[PDB]
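**Student:** My structure is stored as work-v5.cif, with mmCIF, C-alpha atoms.
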```
data_target
loop_
_atom_site.label_atom_id
_atom_site.label_comp_id
_atom_site.auth_asym_id
_atom_site.auth_seq_id
_atom_site.Cartn_x
_atom_site.Cartn_y
_atom_site.Cartn_z
CA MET O 1 -0.30 4.98 6.07
CA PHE O 2 2.83 3.37 7.52
CA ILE O 3 3.09 -0.13 8.92
CA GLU O 4 4.91 0.86 12.10
CA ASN O 5 4.67 -2.51 13.91
CA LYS O 6 5.76 -5.47 11.83
CA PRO O 7 7.64 -8.69 12.56
CA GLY O 8 11.38 -8.25 12.37
CA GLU O 9 13.16 -9.46 9.27
CA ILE O 10 14.44 -12.46 11.25
CA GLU O 11 10.98 -13.34 12.56
CA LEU O 12 9.66 -13.39 8.97
CA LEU O 13 12.69 -15.44 7.92
CA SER O 14 11.76 -18.11 10.47
CA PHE O 15 8.07 -17.99 9.55
CA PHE O 16 8.60 -18.39 5.80
CA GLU O 17 11.87 -20.37 6.02
CA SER O 18 13.06 -18.12 3.17
CA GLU O 19 14.20 -14.59 2.54
CA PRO O 20 11.82 -12.39 0.52
CA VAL O 21 11.55 -13.30 -3.13
CA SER O 22 11.71 -9.61 -4.05
CA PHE O 23 11.95 -6.12 -2.63
CA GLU O 24 10.50 -2.93 -4.14
CA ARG O 25 12.40 0.18 -3.09
CA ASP O 26 9.71 2.60 -4.35
CA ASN O 27 7.25 1.67 -1.59
CA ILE O 28 9.39 -0.52 0.76
CA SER O 29 7.37 -3.63 -0.16
CA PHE O 30 8.28 -7.30 0.26
CA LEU O 31 7.00 -10.49 -1.34
CA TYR O 32 7.22 -13.85 0.43
CA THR O 33 6.19 -17.29 -0.94
CA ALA O 34 5.42 -20.61 0.68
CA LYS O 35 4.41 -24.00 -0.76
CA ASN O 36 3.11 -27.28 0.54
CA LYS O 37 3.93 -30.56 -1.20
CA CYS O 38 0.52 -30.83 -2.98
CA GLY O 39 0.67 -27.91 -5.46
CA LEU O 40 -0.76 -25.30 -3.06
CA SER O 41 1.21 -22.06 -2.71
CA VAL O 42 0.70 -18.68 -1.09
CA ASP O 43 2.18 -15.24 -1.91
CA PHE O 44 2.24 -12.82 1.02
CA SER O 45 3.24 -9.20 0.46
CA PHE O 46 3.04 -5.88 2.24
CA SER O 47 4.20 -2.30 1.79
CA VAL O 48 5.63 -0.55 4.84
CA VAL O 49 5.18 2.95 3.41
CA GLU O 50 1.76 2.51 1.78
CA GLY O 51 0.22 0.42 4.59
CA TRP O 52 -1.25 -2.66 2.88
CA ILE O 53 -1.08 -6.45 2.93
CA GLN O 54 -1.85 -8.77 -0.02
CA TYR O 55 -2.03 -12.52 -0.38
CA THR O 56 -2.71 -14.77 -3.37
CA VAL O 57 -3.29 -18.52 -3.15
CA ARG O 58 -2.42 -20.73 -6.12
CA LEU O 59 -3.38 -24.34 -6.73
CA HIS O 60 -1.11 -25.75 -9.43
CA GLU O 61 -0.02 -22.18 -10.24
CA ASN O 62 -3.64 -21.20 -10.93
CA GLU O 63 -4.81 -18.32 -8.73
CA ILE O 64 -7.76 -19.35 -6.56
CA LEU O 65 -7.80 -16.72 -3.79
CA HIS O 66 -6.59 -13.13 -3.76
CA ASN O 67 -7.16 -10.71 -0.92
CA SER O 68 -5.96 -7.15 -0.44
CA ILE O 69 -6.19 -5.17 2.78
CA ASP O 70 -5.67 -1.39 2.83
CA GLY O 71 -4.98 0.64 5.96
CA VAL O 72 -2.66 -1.73 7.85
CA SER O 73 -0.59 0.01 10.51
CA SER O 74 0.64 -3.22 12.13
CA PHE O 75 0.74 -6.96 11.75
CA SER O 76 2.26 -9.64 13.92
CA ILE O 77 3.32 -13.30 14.07
CA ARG O 78 1.47 -15.21 16.79
CA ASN O 79 1.42 -18.72 18.16
CA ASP O 80 -1.20 -21.06 19.55
CA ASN O 81 -1.18 -24.84 20.01
CA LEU O 82 -1.75 -25.35 16.25
CA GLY O 83 1.37 -23.40 15.25
CA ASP O 84 2.39 -19.95 14.08
CA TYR O 85 0.23 -17.56 12.09
CA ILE O 86 0.42 -14.05 10.69
CA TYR O 87 -2.23 -11.89 12.39
CA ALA O 88 -3.59 -8.53 11.19
CA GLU O 89 -6.48 -6.48 12.58
CA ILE O 90 -8.06 -3.29 11.16
CA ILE O 91 -10.38 -1.47 13.55
CA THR O 92 -12.73 1.31 12.49
CA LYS O 93 -15.76 2.81 14.18
CA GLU O 94 -18.23 0.60 12.35
CA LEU O 95 -16.11 -2.36 11.21
CA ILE O 96 -13.49 -4.82 12.50
CA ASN O 97 -11.50 -6.82 9.94
CA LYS O 98 -9.18 -9.74 10.91
CA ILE O 99 -6.90 -12.03 8.93
CA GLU O 100 -4.99 -15.08 10.05
CA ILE O 101 -2.53 -16.84 7.79
CA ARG O 102 -0.94 -20.20 8.56
CA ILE O 103 1.51 -22.02 6.31
CA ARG O 104 2.76 -24.72 8.71
CA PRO O 105 1.72 -27.40 9.27
CA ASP O 106 -0.81 -26.51 6.55
CA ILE O 107 -1.65 -23.49 4.42
CA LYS O 108 -4.79 -22.08 6.04
CA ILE O 109 -6.34 -18.60 5.88
CA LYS O 110 -9.09 -17.30 8.18
CA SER O 111 -10.62 -13.83 7.70
CA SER O 112 -13.62 -11.90 8.94
CA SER O 113 -15.38 -8.57 8.82
CA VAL O 114 -17.76 -7.56 11.64
CA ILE O 115 -19.91 -4.49 12.20
CA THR G 144 3.04 22.78 -19.82
CA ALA G 145 4.55 19.35 -20.47
CA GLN G 146 7.58 20.76 -18.63
CA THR G 147 5.38 21.71 -15.65
CA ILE G 148 4.73 17.98 -15.42
CA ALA G 149 8.49 17.37 -15.84
CA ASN G 150 9.44 19.65 -12.92
CA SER G 151 6.68 18.21 -10.72
CA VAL G 152 6.84 15.70 -7.89
CA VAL G 153 4.59 13.26 -9.80
CA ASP G 154 6.61 10.84 -11.91
CA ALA G 155 5.21 9.94 -15.32
CA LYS G 156 4.73 6.37 -14.06
CA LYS G 157 2.53 7.66 -11.23
CA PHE G 158 -0.02 9.14 -13.62
CA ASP G 159 -1.19 5.67 -14.54
CA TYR G 160 -1.92 5.15 -10.84
CA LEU G 161 -3.70 8.49 -10.52
CA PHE G 162 -6.13 7.71 -13.34
CA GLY G 163 -6.85 4.15 -12.27
CA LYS G 164 -4.56 2.36 -14.70
CA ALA G 165 -1.85 0.97 -12.34
CA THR G 166 -2.95 -2.64 -12.45
CA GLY G 167 -2.01 -4.57 -9.32
CA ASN G 168 0.74 -7.10 -8.66
CA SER G 169 2.78 -8.42 -5.71
CA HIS G 170 4.24 -4.94 -5.01
CA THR G 171 1.27 -2.81 -6.19
CA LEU G 172 -2.08 -2.64 -4.44
CA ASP G 173 -4.81 -2.40 -7.05
CA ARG G 174 -6.75 0.85 -6.53
CA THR G 175 -7.68 1.30 -10.18
CA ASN G 176 -11.44 1.49 -9.62
CA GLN G 177 -11.27 3.86 -6.66
CA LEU G 178 -8.92 6.35 -8.31
CA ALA G 179 -10.67 6.28 -11.71
CA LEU G 180 -14.06 6.92 -10.04
CA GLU G 181 -12.67 9.76 -7.96
CA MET G 182 -11.00 11.53 -10.89
CA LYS G 183 -14.29 11.41 -12.76
CA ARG G 184 -16.10 12.70 -9.67
CA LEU G 185 -13.70 15.63 -9.33
CA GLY G 186 -13.85 16.33 -13.07
CA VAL G 187 -10.18 15.52 -13.69
CA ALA G 188 -9.91 14.02 -17.16
CA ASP G 189 -7.09 11.78 -18.37
CA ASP G 190 -5.89 14.52 -20.71
CA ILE G 191 -3.10 17.10 -20.70
CA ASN G 192 -5.14 19.54 -18.60
CA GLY G 193 -5.96 16.77 -16.16
CA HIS G 194 -2.28 15.86 -15.75
CA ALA G 195 -1.21 19.48 -15.27
CA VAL G 196 -3.91 20.09 -12.65
CA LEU G 197 -2.78 17.11 -10.57
CA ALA G 198 0.92 17.77 -11.16
CA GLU G 199 0.62 21.33 -9.92
CA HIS G 200 -1.47 20.33 -6.89
CA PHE G 201 0.81 17.54 -5.62
CA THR G 202 3.87 19.66 -6.26
CA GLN G 203 2.31 22.54 -4.36
CA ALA G 204 1.33 20.19 -1.53
CA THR G 205 5.02 19.71 -0.77
CA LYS G 206 5.69 23.46 -0.49
CA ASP G 207 3.70 23.95 2.76
CA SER G 208 5.36 22.41 5.83
CA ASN G 209 2.20 22.70 7.95
CA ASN G 210 0.27 19.94 6.16
CA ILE G 211 2.54 17.04 7.25
CA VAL G 212 0.51 14.68 9.43
CA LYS G 213 2.83 11.68 9.78
CA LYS G 214 6.55 11.00 9.30
CA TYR G 215 8.42 7.69 9.11
CA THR G 216 12.11 6.77 8.80
CA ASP G 217 13.77 3.40 8.40
CA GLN G 218 17.05 2.09 6.99
CA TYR G 219 15.82 2.85 3.47
CA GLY G 220 14.89 6.53 3.83
CA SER G 221 12.53 9.19 5.10
CA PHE G 222 8.84 9.37 4.23
CA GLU G 223 5.94 11.66 5.08
CA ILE G 224 2.17 11.88 4.73
CA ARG G 225 0.56 15.19 3.75
CA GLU G 226 -3.06 16.35 3.70
CA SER G 227 -4.17 18.64 0.89
CA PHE G 228 -7.50 20.14 -0.14
CA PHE G 229 -8.57 19.85 -3.76
CA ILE G 230 -11.70 21.04 -5.56
CA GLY G 231 -11.93 19.88 -9.17
CA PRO G 232 -13.49 21.29 -12.35
CA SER G 233 -16.77 19.54 -11.49
CA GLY G 234 -16.91 21.51 -8.23
CA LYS G 235 -16.72 18.37 -6.07
CA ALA G 236 -14.00 18.34 -3.46
CA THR G 237 -11.77 15.96 -1.58
CA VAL G 238 -8.78 15.91 0.73
CA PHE G 239 -5.82 14.03 -0.70
CA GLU G 240 -3.75 12.05 1.81
CA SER G 241 -0.48 11.75 -0.12
CA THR G 242 2.70 9.89 0.76
CA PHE G 243 6.13 11.17 -0.28
CA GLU G 244 9.74 10.11 0.17
CA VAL G 245 12.00 12.96 1.29
CA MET G 246 15.00 12.43 -0.99
CA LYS G 247 18.59 13.01 0.01
CA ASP G 248 18.87 16.00 -2.34
CA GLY G 249 15.84 17.42 -0.50
CA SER G 250 13.28 17.03 -3.28
CA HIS G 251 9.99 15.24 -2.79
CA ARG G 252 8.96 12.05 -4.60
CA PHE G 253 5.23 11.33 -4.90
CA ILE G 254 4.54 7.68 -3.96
CA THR G 255 0.74 7.36 -3.65
CA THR G 256 -2.37 9.22 -2.53
CA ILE G 257 -5.86 8.42 -1.29
CA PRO G 258 -8.87 10.75 -1.64
CA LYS G 259 -10.87 11.18 1.56
CA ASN G 260 -14.20 12.82 0.74
CA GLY G 261 -16.08 12.99 4.06
#
```
Let me see the file written as structure tokens.

**Tutor:**
Amino acid sequence: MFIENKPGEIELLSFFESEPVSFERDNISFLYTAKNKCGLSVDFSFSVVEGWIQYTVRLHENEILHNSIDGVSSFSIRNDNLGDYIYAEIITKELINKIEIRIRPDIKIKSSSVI
Amino acid sequence: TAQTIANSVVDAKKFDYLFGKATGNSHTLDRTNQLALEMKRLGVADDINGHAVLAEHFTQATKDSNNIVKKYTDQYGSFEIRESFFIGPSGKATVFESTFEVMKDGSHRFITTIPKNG
């Protein structure tokens, strides 16, 4: 499944204040990284042609959270009074999954799965 | 036989993914459990017969032009999703939703696939 609606490469550049760490041609997939000044880091990646998003959170380079979401056809960068966040929503007949990733001012992930 | 696999659309590296051995990383979504369980359900063993059965099916799935359900093109290239019906040696069946890149020389490159039972 293809991610047909994604932030532009410039929008992601602003959000992560860095170009992608790496690009995989096989499945058009990108990895981005962000850190705070306390040893907390987050790896955000997605594949345009296979339709997924992944994120891993590391504290002092030890993995503490990993999430993988299949069946993404779009994700977006949104803003509220607290700052910018990556937003992704997966809607099925029975289930609604949401993820919300903030890296500024703080690294903060909010996710949910409703029936 | 082992040349049937060589002329197929399924790269040798992709057979680790098909049998649930493509462990995940930043650029690879881990579907090892799902794919391993499905191959066992369909009766496709991680042997030479198993590889040839899959190789032939995904190669043949590119030969019909009436099973393409979605196309996508960006600056990197042209890609397509194909639906294909597969019944395995166990008698259980699934529909494979497979993603290919349509190469510049016209050939098809297997990228990934998902079984959809229901």

**Student:** Could you tell me which residues the PyMOL selection byres ((chain G) within 10 of (chain O)) returns for this structure, as a VMD selection string?

**Tutor:** chain G and resid 168 to 174 213 to 217 219 to 224 240 to 244 252 to 257

**Student:** With all atoms listed in the file as the counted atoms, please give the residues lying no more than 12 Å from residue 39 (chain O), apart from itself and same-chain residues fewer than 2 positions off, as a PyMOL selection string.

**Tutor:** chain O and resi 34-37+41-42+57-63+107

**Student:** Show me, as number ranges by chain, the residues that have an atom within 6 Å of residue 229 (chain G) when counting all atoms listed in the file, minus same-chain residues fewer than 2 positions from it.

**Tutor:** G: 236-238

**Student:** For the PyMOL selection byres ((chain O and resi 95-98) around 12), applied here, can you spell out every residue it catches as an NGL selection string?

**Tutor:** :O and (53 or 68-72 or 74-76 or 86-94 or 99-101 or 109-115)

**Student:** Evaluated on this file, the PyMOL selection byres ((chain G and resi 193) around 12) picks out some residues - which ones are they, written as a PyMOL selection string?

**Tutor:** chain G and resi 144-145+148+158+161-162+182-183+185-192+194-200+231-232

**Student:** Could you work out how far CA of residue 225 (chain G) lies from CA of residue 146 (chain G), giving the answer in Å with one decimal?

**Tutor:**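 Pair CA of residue 146 (chain G) / CA of residue 225 (chain G) returns 24.1 Å.
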
**Student:** Can you pull out every residue within 6 Å of residue 239 (chain G), counting all atoms listed in the file, but drop anything in the same chain fewer than 4 positions away, and send it as a PyMOL selection string?

**Tutor:** chain G and resi 226-227+257-258

**Student:** One number please: CA of residue 160 (chain G) to CA of residue 251 (chain G), in Å, one decimal.

**Tutor:** 17.6 Å

**Student:** Just give me the gap between CA of residue 17 (chain O) and CA of residue 106 (chain O) in Å, one decimal is fine.

**Tutor:**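 Separation between CA of residue 17 (chain O) and CA of residue 106 (chain O): 14.1 Å.
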
**Student:** Residue 9 (chain O): which residues within 9 Å, counting only C-alpha atoms, same-chain residues fewer than 4 positions away excluded, as a PyMOL selection string?

**Tutor:** chain O and resi 13-14+19

**Student:** Nearest to residue 66 (chain O) among G:181, G:150, G:157, G:167, with distances taken over all atoms listed in the file: which residue is it?

**Tutor:**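 The closest residue to residue 66 (chain O) is G:167.
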
**Student:** For region 82-92 of chain O, what centre and edge lengths in Å (one decimal) does the axis-aligned box get once 8 Å is added on each side of all its listed atoms, as AutoDock Vina command-line options?

**Tutor:**
```
--center_x -5.2 --center_y -12.0 --center_z 13.5 --size_x 31.1 --size_y 42.7 --size_z 21.6
```

**Student:** With all atoms listed in the file as the counted atoms, please give the residues lying no more than 9 Å from residue 105 (chain O), apart from itself and same-chain residues fewer than 5 positions off, as a list in words.

**Tutor:**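 That gives residues 36, 82, 83 and 84 of chain O.
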